Every structure is written in C-alpha cells, then in structure tokens.
There are 2 protein chains.
Amino acid sequence: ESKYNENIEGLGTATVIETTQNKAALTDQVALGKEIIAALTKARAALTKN
Amino acid sequence: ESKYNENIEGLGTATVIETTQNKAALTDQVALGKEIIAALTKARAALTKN
C-alpha cells in the first residue's frame, strides 16, 4: 500500500531490494544464498533501526 | 572547524576519508564491510599516535 504509514513515527516498514538483478540471471543456486545472507544482514539492520 | 584546535602541540583531529568512489558508487555489503574494517584500523592508528 502506497503513500501511507501508521502515524508519523519516522517509521518506514521498508522492503529491501535485491543486490544485482534478475532472478533468472542469478540461478546459480549459489551466491543466491550469498544474496539471502546479505539481505538478512540488511533486514536485521532495517528492523533494528526502528 | 577552521584552525581553532586548542593550544597547538600534537593536536588536530582526523576525519578518515573513505577510499573508493562516493557512497552511491560502492553499493555493496562485502565492500562496505571491508572498507569499514580498514578504516577502523586506520582510525586506531591515528588515535594511537598523539
């Protein structure tokens, strides 16, 4: 849902976009895991910051 | 600050610039992590002297 966030907390919710691009371009079945690890770090950070 | 580092002696404060291009250009987890490590060691060095 667009343009809205509950209250004006400085809250973000936020969704982390994947490093590089194209699922089908990744399909190594390895490094995809590296992307998920990286993403888990970053999501841990985003979630922590709020 | 411009001048105005009290007394004089062996004292100015160091802002450790980060190598590689500007922040928007490096865009990585591993790269940024590496840079923060190297910068941390450099920082330890700069604080150890004086």
# chains A, B, ... in the order shown; residues from 1 in each chain; ligands from 1
>>> interface_residues(of="chain B", to="chain A", cutoff="12 Å", atoms="only C-alpha atoms", output="list in words")
residues 27, 28, 29, 30, 31, 32 and 33 of chain B
>>> write_last_selection(atoms="N, CA and C atoms", output="PDB file, in the first residue's frame")
ATOM      1  N   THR B  27      28.059   0.654  -3.337  1.00  0.00           N
ATOM      2  CA  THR B  27      26.846  -0.184  -3.291  1.00  0.00           C
ATOM      3  C   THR B  27      26.976  -1.685  -2.962  1.00  0.00           C
ATOM      4  N   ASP B  28      27.775  -2.027  -1.957  1.00  0.00           N
ATOM      5  CA  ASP B  28      27.921  -3.434  -1.582  1.00  0.00           C
ATOM      6  C   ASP B  28      27.936  -3.667  -0.072  1.00  0.00           C
ATOM      7  N   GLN B  29      27.712  -4.913   0.334  1.00  0.00           N
ATOM      8  CA  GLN B  29      27.799  -5.284   1.744  1.00  0.00           C
ATOM      9  C   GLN B  29      29.222  -5.686   2.102  1.00  0.00           C
ATOM     10  N   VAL B  30      29.790  -6.558   1.279  1.00  0.00           N
ATOM     11  CA  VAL B  30      31.151  -7.028   1.482  1.00  0.00           C
ATOM     12  C   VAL B  30      32.165  -5.891   1.319  1.00  0.00           C
ATOM     13  N   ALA B  31      31.998  -5.091   0.269  1.00  0.00           N
ATOM     14  CA  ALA B  31      32.885  -3.954   0.021  1.00  0.00           C
ATOM     15  C   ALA B  31      32.829  -2.932   1.153  1.00  0.00           C
ATOM     16  N   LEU B  32      31.616  -2.545   1.539  1.00  0.00           N
ATOM     17  CA  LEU B  32      31.444  -1.570   2.610  1.00  0.00           C
ATOM     18  C   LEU B  32      32.001  -2.101   3.922  1.00  0.00           C
ATOM     19  N   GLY B  33      31.750  -3.376   4.206  1.00  0.00           N
ATOM     20  CA  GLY B  33      32.291  -4.008   5.396  1.00  0.00           C
ATOM     21  C   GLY B  33      33.807  -3.959   5.430  1.00  0.00           C
TER      22      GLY B  33
END
>>> calpha_fit_and_write(fixed="chain B", moving="chain A", output="PDB file with N, CA and C atoms, in the first residue's frame")
ATOM      1  N   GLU A   1      34.743  22.517  12.580  1.00  0.00           N
ATOM      2  CA  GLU A   1      35.265  23.877  12.731  1.00  0.00           C
ATOM      3  C   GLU A   1      36.673  24.010  12.169  1.00  0.00           C
ATOM      4  N   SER A   2      36.931  25.149  11.537  1.00  0.00           N
ATOM      5  CA  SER A   2      38.103  25.306  10.691  1.00  0.00           C
ATOM      6  C   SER A   2      39.250  26.062  11.350  1.00  0.00           C
ATOM      7  N   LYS A   3      40.466  25.684  10.963  1.00  0.00           N
ATOM      8  CA  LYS A   3      41.680  26.444  11.256  1.00  0.00           C
ATOM      9  C   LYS A   3      42.125  26.450  12.722  1.00  0.00           C
ATOM     10  N   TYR A   4      41.321  25.860  13.603  1.00  0.00           N
ATOM     11  CA  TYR A   4      41.639  25.842  15.030  1.00  0.00           C
ATOM     12  C   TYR A   4      41.793  24.436  15.608  1.00  0.00           C
ATOM     13  N   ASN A   5      42.698  24.315  16.569  1.00  0.00           N
ATOM     14  CA  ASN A   5      42.844  23.118  17.381  1.00  0.00           C
ATOM     15  C   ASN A   5      43.235  23.571  18.779  1.00  0.00           C
ATOM     16  N   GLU A   6      42.672  22.937  19.804  1.00  0.00           N
ATOM     17  CA  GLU A   6      42.942  23.345  21.185  1.00  0.00           C
ATOM     18  C   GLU A   6      44.440  23.266  21.487  1.00  0.00           C
ATOM     19  N   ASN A   7      45.023  24.398  21.873  1.00  0.00           N
ATOM     20  CA  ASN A   7      46.470  24.504  22.078  1.00  0.00           C
ATOM     21  C   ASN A   7      47.275  24.214  20.796  1.00  0.00           C
ATOM     22  N   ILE A   8      48.601  24.142  20.908  1.00  0.00           N
ATOM     23  CA  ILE A   8      49.454  23.820  19.764  1.00  0.00           C
ATOM     24  C   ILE A   8      50.193  22.493  20.020  1.00  0.00           C
ATOM     25  N   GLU A   9      49.452  21.517  20.539  1.00  0.00           N
ATOM     26  CA  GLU A   9      49.997  20.226  20.955  1.00  0.00           C
ATOM     27  C   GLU A   9      50.833  19.530  19.885  1.00  0.00           C
ATOM     28  N   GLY A  10      50.422  19.694  18.635  1.00  0.00           N
ATOM     29  CA  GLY A  10      50.834  18.785  17.589  1.00  0.00           C
ATOM     30  C   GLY A  10      49.655  17.843  17.480  1.00  0.00           C
ATOM     31  N   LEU A  11      48.578  18.223  18.166  1.00  0.00           N
ATOM     32  CA  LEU A  11      47.306  17.522  18.083  1.00  0.00           C
ATOM     33  C   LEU A  11      46.719  17.701  16.684  1.00  0.00           C
ATOM     34  N   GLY A  12      45.919  16.738  16.242  1.00  0.00           N
ATOM     35  CA  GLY A  12      45.337  16.817  14.916  1.00  0.00           C
ATOM     36  C   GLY A  12      43.830  16.656  14.860  1.00  0.00           C
ATOM     37  N   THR A  13      43.267  16.020  15.889  1.00  0.00           N
ATOM     38  CA  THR A  13      41.896  15.502  15.868  1.00  0.00           C
ATOM     39  C   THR A  13      41.760  14.485  14.735  1.00  0.00           C
ATOM     40  N   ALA A  14      41.612  15.015  13.522  1.00  0.00           N
ATOM     41  CA  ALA A  14      41.646  14.257  12.270  1.00  0.00           C
ATOM     42  C   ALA A  14      40.408  13.413  11.973  1.00  0.00           C
ATOM     43  N   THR A  15      40.069  13.351  10.689  1.00  0.00           N
ATOM     44  CA  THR A  15      38.938  12.582  10.194  1.00  0.00           C
ATOM     45  C   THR A  15      39.447  11.775   9.019  1.00  0.00           C
ATOM     46  N   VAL A  16      39.276  10.459   9.057  1.00  0.00           N
ATOM     47  CA  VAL A  16      39.777   9.661   7.949  1.00  0.00           C
ATOM     48  C   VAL A  16      38.778   9.553   6.798  1.00  0.00           C
ATOM     49  N   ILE A  17      39.257   9.960   5.630  1.00  0.00           N
ATOM     50  CA  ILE A  17      38.466   9.965   4.416  1.00  0.00           C
ATOM     51  C   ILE A  17      38.405   8.542   3.876  1.00  0.00           C
ATOM     52  N   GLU A  18      37.283   8.204   3.256  1.00  0.00           N
ATOM     53  CA  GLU A  18      37.032   6.848   2.803  1.00  0.00           C
ATOM     54  C   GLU A  18      37.849   6.528   1.561  1.00  0.00           C
ATOM     55  N   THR A  19      38.482   5.357   1.584  1.00  0.00           N
ATOM     56  CA  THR A  19      39.102   4.734   0.414  1.00  0.00           C
ATOM     57  C   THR A  19      38.118   4.785  -0.756  1.00  0.00           C
ATOM     58  N   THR A  20      38.629   4.732  -1.988  1.00  0.00           N
ATOM     59  CA  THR A  20      37.836   5.015  -3.195  1.00  0.00           C
ATOM     60  C   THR A  20      36.845   6.166  -2.985  1.00  0.00           C
ATOM     61  N   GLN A  21      35.638   6.053  -3.526  1.00  0.00           N
ATOM     62  CA  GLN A  21      34.691   7.155  -3.412  1.00  0.00           C
ATOM     63  C   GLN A  21      33.245   6.719  -3.552  1.00  0.00           C
ATOM     64  N   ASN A  22      32.351   7.702  -3.493  1.00  0.00           N
ATOM     65  CA  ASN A  22      30.916   7.525  -3.714  1.00  0.00           C
ATOM     66  C   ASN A  22      30.260   6.327  -3.032  1.00  0.00           C
ATOM     67  N   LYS A  23      29.525   6.635  -1.973  1.00  0.00           N
ATOM     68  CA  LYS A  23      28.708   5.667  -1.256  1.00  0.00           C
ATOM     69  C   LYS A  23      27.895   4.817  -2.222  1.00  0.00           C
ATOM     70  N   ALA A  24      27.196   5.521  -3.104  1.00  0.00           N
ATOM     71  CA  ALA A  24      26.292   4.905  -4.059  1.00  0.00           C
ATOM     72  C   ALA A  24      27.035   4.034  -5.061  1.00  0.00           C
ATOM     73  N   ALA A  25      28.315   4.327  -5.262  1.00  0.00           N
ATOM     74  CA  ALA A  25      29.152   3.512  -6.135  1.00  0.00           C
ATOM     75  C   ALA A  25      29.595   2.237  -5.422  1.00  0.00           C
ATOM     76  N   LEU A  26      29.669   2.294  -4.095  1.00  0.00           N
ATOM     77  CA  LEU A  26      30.027   1.123  -3.299  1.00  0.00           C
ATOM     78  C   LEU A  26      28.869   0.132  -3.215  1.00  0.00           C
ATOM     79  N   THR A  27      27.759   0.585  -2.629  1.00  0.00           N
ATOM     80  CA  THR A  27      26.506  -0.178  -2.429  1.00  0.00           C
ATOM     81  C   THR A  27      26.482  -1.686  -2.736  1.00  0.00           C
ATOM     82  N   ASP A  28      27.603  -2.360  -2.517  1.00  0.00           N
ATOM     83  CA  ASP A  28      27.692  -3.798  -2.719  1.00  0.00           C
ATOM     84  C   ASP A  28      27.136  -4.482  -1.481  1.00  0.00           C
ATOM     85  N   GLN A  29      27.160  -3.739  -0.376  1.00  0.00           N
ATOM     86  CA  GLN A  29      26.875  -4.236   0.973  1.00  0.00           C
ATOM     87  C   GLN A  29      27.986  -5.169   1.480  1.00  0.00           C
ATOM     88  N   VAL A  30      28.903  -5.526   0.584  1.00  0.00           N
ATOM     89  CA  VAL A  30      30.157  -6.187   0.935  1.00  0.00           C
ATOM     90  C   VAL A  30      31.273  -5.290   0.392  1.00  0.00           C
ATOM     91  N   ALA A  31      32.492  -5.447   0.907  1.00  0.00           N
ATOM     92  CA  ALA A  31      33.602  -4.525   0.635  1.00  0.00           C
ATOM     93  C   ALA A  31      33.400  -3.164   1.297  1.00  0.00           C
ATOM     94  N   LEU A  32      32.147  -2.732   1.432  1.00  0.00           N
ATOM     95  CA  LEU A  32      31.839  -1.591   2.284  1.00  0.00           C
ATOM     96  C   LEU A  32      32.343  -1.948   3.672  1.00  0.00           C
ATOM     97  N   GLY A  33      32.017  -3.162   4.105  1.00  0.00           N
ATOM     98  CA  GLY A  33      32.529  -3.701   5.349  1.00  0.00           C
ATOM     99  C   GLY A  33      34.044  -3.737   5.370  1.00  0.00           C
ATOM    100  N   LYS A  34      34.647  -4.063   4.231  1.00  0.00           N
ATOM    101  CA  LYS A  34      36.099  -4.023   4.099  1.00  0.00           C
ATOM    102  C   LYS A  34      36.615  -2.600   4.301  1.00  0.00           C
ATOM    103  N   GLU A  35      35.873  -1.627   3.778  1.00  0.00           N
ATOM    104  CA  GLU A  35      36.234  -0.225   3.950  1.00  0.00           C
ATOM    105  C   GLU A  35      36.124   0.191   5.409  1.00  0.00           C
ATOM    106  N   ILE A  36      35.132  -0.343   6.118  1.00  0.00           N
ATOM    107  CA  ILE A  36      34.938   0.017   7.520  1.00  0.00           C
ATOM    108  C   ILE A  36      36.009  -0.627   8.388  1.00  0.00           C
ATOM    109  N   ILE A  37      36.443  -1.820   7.997  1.00  0.00           N
ATOM    110  CA  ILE A  37      37.532  -2.488   8.695  1.00  0.00           C
ATOM    111  C   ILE A  37      38.814  -1.691   8.511  1.00  0.00           C
ATOM    112  N   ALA A  38      39.163  -1.433   7.252  1.00  0.00           N
ATOM    113  CA  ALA A  38      40.328  -0.615   6.920  1.00  0.00           C
ATOM    114  C   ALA A  38      40.304   0.710   7.684  1.00  0.00           C
ATOM    115  N   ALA A  39      39.147   1.363   7.663  1.00  0.00           N
ATOM    116  CA  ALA A  39      38.968   2.634   8.351  1.00  0.00           C
ATOM    117  C   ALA A  39      39.169   2.491   9.850  1.00  0.00           C
ATOM    118  N   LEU A  40      38.746   1.364  10.413  1.00  0.00           N
ATOM    119  CA  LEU A  40      38.930   1.139  11.840  1.00  0.00           C
ATOM    120  C   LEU A  40      40.399   0.932  12.197  1.00  0.00           C
ATOM    121  N   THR A  41      41.143   0.259  11.319  1.00  0.00           N
ATOM    122  CA  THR A  41      42.587   0.153  11.511  1.00  0.00           C
ATOM    123  C   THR A  41      43.188   1.547  11.523  1.00  0.00           C
ATOM    124  N   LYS A  42      42.915   2.311  10.467  1.00  0.00           N
ATOM    125  CA  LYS A  42      43.525   3.632  10.310  1.00  0.00           C
ATOM    126  C   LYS A  42      43.159   4.623  11.413  1.00  0.00           C
ATOM    127  N   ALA A  43      41.928   4.531  11.899  1.00  0.00           N
ATOM    128  CA  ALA A  43      41.454   5.402  12.964  1.00  0.00           C
ATOM    129  C   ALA A  43      42.078   4.981  14.285  1.00  0.00           C
ATOM    130  N   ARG A  44      42.278   3.678  14.451  1.00  0.00           N
ATOM    131  CA  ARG A  44      43.009   3.184  15.607  1.00  0.00           C
ATOM    132  C   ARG A  44      44.422   3.744  15.597  1.00  0.00           C
ATOM    133  N   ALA A  45      45.025   3.808  14.414  1.00  0.00           N
ATOM    134  CA  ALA A  45      46.369   4.367  14.272  1.00  0.00           C
ATOM    135  C   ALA A  45      46.415   5.863  14.570  1.00  0.00           C
ATOM    136  N   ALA A  46      45.485   6.611  13.986  1.00  0.00           N
ATOM    137  CA  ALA A  46      45.457   8.060  14.149  1.00  0.00           C
ATOM    138  C   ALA A  46      45.255   8.410  15.612  1.00  0.00           C
ATOM    139  N   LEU A  47      44.300   7.731  16.229  1.00  0.00           N
ATOM    140  CA  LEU A  47      44.014   7.925  17.641  1.00  0.00           C
ATOM    141  C   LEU A  47      45.202   7.503  18.517  1.00  0.00           C
ATOM    142  N   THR A  48      45.858   6.396  18.174  1.00  0.00           N
ATOM    143  CA  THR A  48      47.042   5.943  18.916  1.00  0.00           C
ATOM    144  C   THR A  48      48.192   6.942  18.853  1.00  0.00           C
ATOM    145  N   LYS A  49      48.440   7.487  17.668  1.00  0.00           N
ATOM    146  CA  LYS A  49      49.576   8.376  17.460  1.00  0.00           C
ATOM    147  C   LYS A  49      49.557   9.612  18.370  1.00  0.00           C
ATOM    148  N   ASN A  50      48.373  10.056  18.776  1.00  0.00           N
ATOM    149  CA  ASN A  50      48.281  11.215  19.661  1.00  0.00           C
ATOM    150  C   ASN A  50      48.265  10.872  21.151  1.00  0.00           C
TER     151      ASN A  50
END
>>> select_by_dssp(residues="chain A", states="alpha helix (DSSP H)", output="MDAnalysis selection string")
chainID A and resid 23:26 32:49
>>> write_last_selection(atoms="N, CA, C and O atoms", output="PDB file, in the first residue's frame")
ATOM      1  N   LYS A  23      16.233 -12.653 -11.081  1.00  0.00           N
ATOM      2  CA  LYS A  23      16.243 -13.994 -10.514  1.00  0.00           C
ATOM      3  C   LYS A  23      16.875 -14.989 -11.476  1.00  0.00           C
ATOM      4  O   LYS A  23      17.799 -15.740 -11.134  1.00  0.00           O
ATOM      5  N   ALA A  24      16.364 -14.957 -12.701  1.00  0.00           N
ATOM      6  CA  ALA A  24      16.769 -15.880 -13.745  1.00  0.00           C
ATOM      7  C   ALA A  24      18.224 -15.679 -14.145  1.00  0.00           C
ATOM      8  O   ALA A  24      18.868 -16.596 -14.649  1.00  0.00           O
ATOM      9  N   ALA A  25      18.739 -14.476 -13.911  1.00  0.00           N
ATOM     10  CA  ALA A  25      20.145 -14.189 -14.173  1.00  0.00           C
ATOM     11  C   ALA A  25      21.026 -14.743 -13.057  1.00  0.00           C
ATOM     12  O   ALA A  25      22.195 -15.053 -13.276  1.00  0.00           O
ATOM     13  N   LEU A  26      20.462 -14.864 -11.859  1.00  0.00           N
ATOM     14  CA  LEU A  26      21.188 -15.433 -10.726  1.00  0.00           C
ATOM     15  C   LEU A  26      21.308 -16.949 -10.848  1.00  0.00           C
ATOM     16  O   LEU A  26      22.416 -17.478 -10.938  1.00  0.00           O
ATOM     17  N   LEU A  32      23.165 -16.915  -4.757  1.00  0.00           N
ATOM     18  CA  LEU A  32      21.793 -16.591  -4.393  1.00  0.00           C
ATOM     19  C   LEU A  32      21.731 -16.643  -2.876  1.00  0.00           C
ATOM     20  O   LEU A  32      21.206 -15.736  -2.232  1.00  0.00           O
ATOM     21  N   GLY A  33      22.295 -17.709  -2.316  1.00  0.00           N
ATOM     22  CA  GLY A  33      22.436 -17.843  -0.879  1.00  0.00           C
ATOM     23  C   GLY A  33      23.223 -16.696  -0.278  1.00  0.00           C
ATOM     24  O   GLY A  33      22.903 -16.222   0.812  1.00  0.00           O
ATOM     25  N   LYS A  34      24.255 -16.248  -0.986  1.00  0.00           N
ATOM     26  CA  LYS A  34      25.019 -15.078  -0.563  1.00  0.00           C
ATOM     27  C   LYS A  34      24.127 -13.839  -0.536  1.00  0.00           C
ATOM     28  O   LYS A  34      24.229 -13.005   0.371  1.00  0.00           O
ATOM     29  N   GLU A  35      23.240 -13.732  -1.522  1.00  0.00           N
ATOM     30  CA  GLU A  35      22.298 -12.621  -1.574  1.00  0.00           C
ATOM     31  C   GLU A  35      21.314 -12.685  -0.415  1.00  0.00           C
ATOM     32  O   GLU A  35      20.918 -11.655   0.113  1.00  0.00           O
ATOM     33  N   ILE A  36      20.912 -13.894  -0.028  1.00  0.00           N
ATOM     34  CA  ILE A  36      19.952 -14.048   1.062  1.00  0.00           C
ATOM     35  C   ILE A  36      20.614 -13.753   2.399  1.00  0.00           C
ATOM     36  O   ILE A  36      19.976 -13.241   3.321  1.00  0.00           O
ATOM     37  N   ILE A  37      21.895 -14.087   2.507  1.00  0.00           N
ATOM     38  CA  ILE A  37      22.655 -13.766   3.706  1.00  0.00           C
ATOM     39  C   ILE A  37      22.786 -12.257   3.833  1.00  0.00           C
ATOM     40  O   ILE A  37      22.420 -11.681   4.862  1.00  0.00           O
ATOM     41  N   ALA A  38      23.300 -11.626   2.778  1.00  0.00           N
ATOM     42  CA  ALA A  38      23.418 -10.171   2.724  1.00  0.00           C
ATOM     43  C   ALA A  38      22.088  -9.499   3.073  1.00  0.00           C
ATOM     44  O   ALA A  38      22.031  -8.572   3.896  1.00  0.00           O
ATOM     45  N   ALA A  39      21.019  -9.991   2.455  1.00  0.00           N
ATOM     46  CA  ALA A  39      19.683  -9.460   2.691  1.00  0.00           C
ATOM     47  C   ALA A  39      19.261  -9.632   4.140  1.00  0.00           C
ATOM     48  O   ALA A  39      18.583  -8.775   4.691  1.00  0.00           O
ATOM     49  N   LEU A  40      19.655 -10.741   4.758  1.00  0.00           N
ATOM     50  CA  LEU A  40      19.316 -10.965   6.155  1.00  0.00           C
ATOM     51  C   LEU A  40      20.067 -10.013   7.082  1.00  0.00           C
ATOM     52  O   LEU A  40      19.506  -9.543   8.078  1.00  0.00           O
ATOM     53  N   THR A  41      21.321  -9.710   6.745  1.00  0.00           N
ATOM     54  CA  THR A  41      22.053  -8.688   7.489  1.00  0.00           C
ATOM     55  C   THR A  41      21.307  -7.371   7.387  1.00  0.00           C
ATOM     56  O   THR A  41      20.978  -6.753   8.403  1.00  0.00           O
ATOM     57  N   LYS A  42      21.039  -6.944   6.154  1.00  0.00           N
ATOM     58  CA  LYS A  42      20.422  -5.637   5.922  1.00  0.00           C
ATOM     59  C   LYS A  42      19.028  -5.489   6.525  1.00  0.00           C
ATOM     60  O   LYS A  42      18.651  -4.409   6.982  1.00  0.00           O
ATOM     61  N   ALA A  43      18.266  -6.576   6.516  1.00  0.00           N
ATOM     62  CA  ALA A  43      16.922  -6.579   7.073  1.00  0.00           C
ATOM     63  C   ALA A  43      16.999  -6.567   8.591  1.00  0.00           C
ATOM     64  O   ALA A  43      16.158  -5.963   9.259  1.00  0.00           O
ATOM     65  N   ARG A  44      18.009  -7.238   9.134  1.00  0.00           N
ATOM     66  CA  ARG A  44      18.264  -7.161  10.564  1.00  0.00           C
ATOM     67  C   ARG A  44      18.566  -5.723  10.954  1.00  0.00           C
ATOM     68  O   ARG A  44      18.113  -5.253  11.990  1.00  0.00           O
ATOM     69  N   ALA A  45      19.323  -5.028  10.111  1.00  0.00           N
ATOM     70  CA  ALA A  45      19.645  -3.623  10.356  1.00  0.00           C
ATOM     71  C   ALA A  45      18.419  -2.717  10.274  1.00  0.00           C
ATOM     72  O   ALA A  45      18.207  -1.873  11.141  1.00  0.00           O
ATOM     73  N   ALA A  46      17.631  -2.884   9.217  1.00  0.00           N
ATOM     74  CA  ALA A  46      16.460  -2.043   8.998  1.00  0.00           C
ATOM     75  C   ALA A  46      15.478  -2.220  10.141  1.00  0.00           C
ATOM     76  O   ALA A  46      14.961  -1.258  10.697  1.00  0.00           O
ATOM     77  N   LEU A  47      15.242  -3.474  10.496  1.00  0.00           N
ATOM     78  CA  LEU A  47      14.356  -3.802  11.600  1.00  0.00           C
ATOM     79  C   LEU A  47      14.907  -3.283  12.936  1.00  0.00           C
ATOM     80  O   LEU A  47      14.155  -2.774  13.757  1.00  0.00           O
ATOM     81  N   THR A  48      16.217  -3.399  13.149  1.00  0.00           N
ATOM     82  CA  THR A  48      16.846  -2.880  14.370  1.00  0.00           C
ATOM     83  C   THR A  48      16.706  -1.369  14.506  1.00  0.00           C
ATOM     84  O   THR A  48      16.406  -0.862  15.586  1.00  0.00           O
ATOM     85  N   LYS A  49      16.922  -0.652  13.410  1.00  0.00           N
ATOM     86  CA  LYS A  49      16.919   0.805  13.437  1.00  0.00           C
ATOM     87  C   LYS A  49      15.597   1.402  13.939  1.00  0.00           C
ATOM     88  O   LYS A  49      15.583   2.482  14.523  1.00  0.00           O
TER      89      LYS A  49
END
